[PDB]
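Worksheet: the structure to be examined is printed underneath.
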Amino acid sequence: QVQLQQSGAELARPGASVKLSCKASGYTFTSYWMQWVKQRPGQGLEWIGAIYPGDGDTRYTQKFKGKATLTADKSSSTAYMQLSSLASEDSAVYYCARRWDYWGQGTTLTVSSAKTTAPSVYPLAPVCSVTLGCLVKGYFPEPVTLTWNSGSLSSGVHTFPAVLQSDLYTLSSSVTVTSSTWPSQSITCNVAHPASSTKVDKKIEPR
Amino acid sequence: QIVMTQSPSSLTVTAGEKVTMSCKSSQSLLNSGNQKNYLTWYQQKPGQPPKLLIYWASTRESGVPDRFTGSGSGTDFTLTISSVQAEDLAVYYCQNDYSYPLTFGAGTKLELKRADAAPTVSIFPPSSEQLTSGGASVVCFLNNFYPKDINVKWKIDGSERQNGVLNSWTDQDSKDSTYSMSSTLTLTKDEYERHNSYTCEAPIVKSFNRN
Ligand SMILES: [Cl-]
Ligand SMILES: [Cl-]
Ligand SMILES: [Cl-]
Ligand SMILES: [Cl-]
Ligand SMILES: [Cl-]
Ligand SMILES: [Cl-]
C-alpha cells in the first residue's frame with residue numbers, strides 16, 4: 001500500500017512561516033515526482049509545484065514562487081513545503097501527491113492572529129426511529145473531528161458545517177438510529193480539536 | 001503556460017442519465033514519443049481529497065467503475081459518465097500532465113436532481129450542562145429533504161421568532177441525493193427561561209414546552 005502521511009492541522013500568525021510535511025511509503029521515494037496542491041474553501045484545485053527527490057529538481061508555478069519552497073529528505077522519505085510570509089490568503093487545505101494516483105489526506109492551514117479556543121461539547125437527548133444530537137460551540141480554529149462511537153452509525157449521521165458567530169465556530173451533528181438501539185445501547189459523541197489538543201466524549205443520556 | 005478550460009461550470013442530472021463534460025487545453029497534451037495524451041481526470045466528492053479517475057486521457061484507474069470513460073486527443077478531451085449514480089455527486093477536475101506547470105481546470109460540478117422529499121424534523125431543548133454554564137441553545141434538525149430551498153420557521157410562545165437563528169445546510173447526500181440542515185436558536189439562559197413554548201417548523205412541526 002502506497003501511503004502519503006501529511007502533517008496535522010496548523011494555526012500560524014500572519015508574517016510567520018510553516019513547514020508542511022508529507023512522509024511517503026510503499027514505493028521508491030527517489031523515482032517519482034511529489035506534487036503539491038492548494039485548495040481554498042469552495043474553490044478549485046491550484047497547482048503549487050513539484051519536487052523530484054532523486055536529484056532534487058523542483059518546479060513552481062508563478063504565483064507560488066517565493067511563497068512556497070519545496071525540499072525533500074531521502075533518509076526519512078519526507079517531502080516538505082515551506083510557506084513563508086503567511087497572509088490570510090494562505091489559509092487553505094494543502095495536498096501532497098505522487099504524480100496523479102496517490103493523494104495525502106491534506107493539511108488544513110489557518111493564518112490568523114486570533115488565539116486557540118477549545119470547544120464546549122453538549123449532548124442533545126430528545127424531548128421528554130430516534131434522533132440524537134451533539135452540540136460543539138465556541139471553538140477556533142477549524143477543523144474539529146466529530147464521530148459517533150466507532151463510526152458504525154455513520155449511515156444515519158449528518159454533521160453540519162461550522163458557522164462563524166463572533167469570531168468563534170459552532171457546529172452540531174445529528175445521528176438517527178432505530179428506536180430499539182437507544183437508550184438500550186450507549187451512544188457517545190466524540191469530538192477532537194487538534195489546535196487545542198482537546199478530546200472530549202459526551203454520552204447521550206435521557207433527560 | 002497551458003490553460004485548461006472545463007465546461008460546463010456545473011450541471012444537474014437525474015440518476016440513470018448520461019453525462020458528458022468537456023476539458024480543453026491551450027496546447028496539445030499529446031506525447032510524440034509514446035503517442036499518449038497526458039490528461040488526467042480527478043473526482044472530488046464533498047469533504048474528501050481528490051481521487052484519480054482517468055490518466056493518459058483514456059486509461060481508467062483500478063477500482064474506478066466502468067461507467068467512467070475518458071476520451072479525446074491533443075487539445076480537446078471529454079469525460080463521460082454513462083449512467084450517473086447518486087454517489088457520482090462531485091466536482092470533476094482535469095489536469096495538464098504534459099508539461100510544467102501542471103495546471104488544473106476550474107472543474108465541473110455535478111449535482112443530482114431527485115423527487116421532492118419532506119424533512120424529518122427534530123427539536124432539542126438546551127442541555128443541562130449548557131444551562132449550568134449560563135448559555136441556552138435550542139437546536140432543530142431538518143434531515144433528508146429535497147429540494148434544498150426549504151423554509152425553516154421558529155416560534156416562541158406562539159409568536160414568530162427570527163432573531164438569533166443560524167442555519168447550516170449539508171452538501172447533497174451521496175446516497176440519496178437529499179439535503180439536511182440544522183437551525184440553531186441561540187439566546188441567553190435568562191432569555192430562554194422567560195418563555196415556555198418553542199416551535200421549529202418547515203407544514204412539518206416539532207415543539208416542546210418547559211411545562
Ligand atoms: Cl506561528
Ligand atoms: Cl533510493
Ligand atoms: Cl459502473
Ligand atoms: Cl492550477
Ligand atoms: Cl428520487
Ligand atoms: Cl422532536
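Throughout, a chain's letter reflects where its sequence line sits, starting with A, and its residues are numbered from 1. Computed over heavy atoms, backbone and side chain alike; hydrogens, waters and symmetry mates excluded.
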Just checking, is any N or O donor in the side chain of B/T75 or B/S25 under 3.5 Å from an acceptor N or O on the other one?
no

Just wondering, do A/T170 and B/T184 contact through their side chains at under 4.5 Å, heavy atoms?
no

Just wondering, more than 12 heavy atoms not from B/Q27 lying within 6.0 Å of its CD?
yes

Any donor and acceptor pair, going by atom type alone, linking the side chain of B/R161 with main-chain N or O of B/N163 inside 3.5 Å?
yes

What I want to check is whether the side chains of B/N143 and A/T131 have a donor and an acceptor closer together than 3.5 Å.
no

Are the side chain of B/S168 and the backbone of A/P161 linked by a donor-acceptor contact shorter than 3.5 Å?
yes

Is it true that B/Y42 and A/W103 have ring centroids separated by less than 6.0 Å?
yes

Can you confirm whether B/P147 sits close enough to B/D116 that some side-chain heavy atom of one is under 4.5 Å from a side-chain heavy atom of the other?
yes

Among B/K51, B/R67, B/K175, which residue satisfies the salt bridge (charged side-chain N to carboxylate O under 4.0 Å, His left out) criterion with B/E87?
B/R67

Backbone N/O of A/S91 and side chain of A/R40: donor-acceptor pair under 3.5 Å:
yes

Distance from B/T12 atom OG1 to B/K113 atom NZ, nearest 0.5 Å?
8.5 Å

Looking at A/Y60, does the NZ or CZ of A/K65 lie under 6.0 angstrom from its six-membered ring centre and within 45 degrees of the ring axis?
no

What closest approach, in Å, do A/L109 and A/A12 show between heavy atoms, and which atom pair accounts for it?
CD1-CB, 4.4 Å

Whether the side chain of B/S180 engages the backbone of B/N144 through a donor-acceptor N/O pair (distance < 3.5 Å, no angle test) should be reported.
yes

Heavy-atom pair with the smallest gap, counting every atom of A/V111 and A/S88:
CG1-N, 4.0 Å

I'd like to know if the side chain of A/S197 and the backbone of A/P194 have a donor-acceptor N/O pair within less than 3.5 Å.
no

Nearest heavy atoms of A/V2 and A/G26, plus distance in Å
CG2-O, 3.3 Å

Let me see the working for B/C200 and B/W154 under side-chain contact (heavy atoms from CB on, under 4.5 Å), right down to the final yes or no.
CA-CA 5 Å; B/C200 175; B/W154 281 86; 4.3 Å; yes

Taking atom types as modelled, is there a side-chain donor on A/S17 or A/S84 under 3.5 Å from an acceptor on the other?
no

Would you call the rings of B/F68 and B/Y92 parallel, tilted or perpendicular, taking 30° and 60° as the class edges?
tilted

For the atom pair NZ (B/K36) and CG (B/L30), what is the distance rounded to the nearest 0.5 Å?
11.5 Å

B/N34 atom CG, over 12 foreign heavy atoms within 6.0 Å:
yes

Could you tell me whether the side chains of B/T103 and B/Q1 share a donor-acceptor contact shorter than 3.5 Å?
no

Determine, step by step, whether B/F124 and A/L135 satisfy the side-chain contact (heavy atoms from CB on, under 4.5 Å) criterion, reporting the C-alpha distance in whole Å, the side-chain angles of both residues, the deciding distance to 0.1 Å, and the verdict.
CA-CA 10 Å; B/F124 297 87; A/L135 180 58; over 6 Å; no

Examine distances only and state if a side-chain atom of A/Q6 and a backbone atom of A/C96 form a donor-acceptor pair shorter than 3.5 Å.
yes

Is the side chain of A/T188 donor-acceptor paired with the backbone N or O of A/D201 at a distance under 3.5 Å, no angle test?
no

I need the single residue from A/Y95, A/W47, A/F64 that forms a side chain to side chain contact (heavy atoms under 4.5 Å, CB included) with A/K38. Which is it?
A/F64

Closer than 3.5 angstrom, by distance alone: can the side chain of B/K153 be matched with the main-chain N or O of B/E201 as a donor-acceptor pair?
no

Any salt bridge linking B/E129 with A/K137? Criterion: basic side-chain nitrogen under 4.0 Å from a carboxylate oxygen.
no

Drop me the distance from B/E61's CD to B/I54's CD1, to the nearest 0.5 angstrom.
9.0 Å

So which heavy atom on B/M181 is nearest to which on B/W169, and how close?
SD-CZ2, 3.6 Å

Do B/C23 and B/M4 have side-chain heavy atoms sitting under 4.5 Å apart?
yes

With the side chain counted from C-beta on, respond yes when B/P65 and B/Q85 share a heavy-atom pair under 4.5 Å apart, and no when they do not.
no

What distance do A/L4 atom CG and A/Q35 atom CD have between them, rounded to the nearest 0.5 Å?
11.0 Å

Contact check, side chains of A/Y122 and B/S133, non-hydrogen atoms, under 4.5 Å:
yes

Stepwise, does the side-chain contact (heavy atoms from CB on, under 4.5 Å) test hold for A/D57 with A/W33?
CA-CA 9 Å; A/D57 295 352; A/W33 286 90; 3.6 Å; yes

Passing candidate, side chain to side chain contact (heavy atoms under 4.5 Å, CB included) with B/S73, options B/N37, B/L29, B/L39:
B/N37

Crowded around A/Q105 CD? As in, over 12 foreign heavy atoms under 6.0 Å?
no

Between the main-chain N or O of A/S186 and the side-chain N or O of A/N149, is there a donor-acceptor pair closer than 3.5 Å?
yes

With no hydrogens and no angle check, is any side-chain donor or acceptor of B/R114 less than 3.5 Å from a backbone partner on B/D176?
yes

If we ignore angles and hydrogens, is there a donor and acceptor under 3.5 Å between the side chains of A/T116 and A/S196?
no

What verdict does the side-chain contact (heavy atoms from CB on, under 4.5 Å) test give for A/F140 and A/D167, after you've listed the backbone C-alpha separation in whole Å, the side-chain angles of each residue and the deciding distance to 0.1 Å?
CA-CA 8 Å; A/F140 181 88; A/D167 310 329; over 6 Å; no

Taking the side chain as every heavy atom from C-beta outward, state whether B/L166 and B/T186 have any atom pair closer than 4.5 Å.
no

Can you tell me how the ring of A/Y27 sits relative to the ring of A/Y32, calling it parallel under 30°, perpendicular over 60° and tilted otherwise?
perpendicular

Quick check: do B/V121 and B/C140 have side-chain heavy atoms less than 4.5 Å from each other?
yes

Quick one: are B/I150 and B/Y179 in side-chain contact, heavy atoms under 4.5 Å?
no

Can you see which heavy atom on A/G44 is nearest to which on B/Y93, and at what distance?
CA-OH, 3.3 Å

For A/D73, is the CG atom crowded, meaning more than 12 foreign heavy atoms sit under 6.0 Å from it?
yes

Is the number of heavy atoms from other residues, nucleotides or ligands within 6.0 Å of NZ (B/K45) greater than 12?
yes

To the closest 0.5 Å, what do you measure between SG (A/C134) and CG (A/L171)?
8.0 Å

Roughly how far, to the nearest 0.5 Å, is OG of B/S177 from CD of B/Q172?
5.0 Å

Just grab all the ring pair (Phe, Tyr, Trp, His ring centres under 6.0 Å) pairs involving residues 176-207 of chain A, residues at least two apart or on different chains.
A/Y139-A/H193

Heavy-atom pair of closest approach, residues B/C94 and B/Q6
N-OE1, 3.1 Å

